[PDB]
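What follows draws every value from the coordinates through simple rules; no lab data is involved. Heads up, the Cβs are rebuilt from the backbone with ideal geometry, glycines too, and the neighbour counts pull from every protein chain shown.
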Ligand SMILES: [Zn+2]
Ligand SMILES: [Zn+2]
């Protein structure tokens, strides 16, 4: 005699994804430009959440609140050229400019920080 059987192997893995999907029917697509066409052609529409409502009957917890402090800085309403570094009123621009350089005050007008 001589007879027998064998062969036990597997391999039926399924791999497939879809970008967009139709609610009405089960027809999915990859590009929106393709789906839309169907949504109108046939009439169906997307499934993704829909925001066709604004009235929120759901009460919300206490409202929001924040402190609105207030303060001013180095304000000076003058009418004459005056260096903020040293503090010497002038008559003409040059006097001021030629000074900012001759003294290099415009280069050093600040430094560290407090808060
Ligand atoms: Zn459809
Ligand atoms: Zn100066």
* Which numbered condition residue 71 fails, given (1) assigned to a loop (DSSP other than H, G, I, E, B); (2) surrounded by 10 or more Cβ atoms within 10 Å (Cβ to Cβ) -> (2)
* Asked: Does residue 51 satisfy the condition of being closer than 30 Å to residue 25 by Cβ and away from ligand 1 (no atom under 16 Å from the Cβ)?
  -> yes
* Here are 59, 46, 66: which of them is within 16 Å of ligand 1 (Cβ to nearest atom) and either surrounded by 10 or more Cβ atoms within 10 Å (Cβ to Cβ) or more than 30 Å from residue 20 (Cα to Cα) (or both)? -> 46
* Of all residues in segment 62-100, which are near ligand 2 (Cβ under 9 Å from one of its atoms) and out of contact with any strand residue (DSSP E or B) (no Cβ under 6 Å at 6 or more places or on another chain)? -> 83, 84, 85, 86, 87, 88, 96, 99, 100
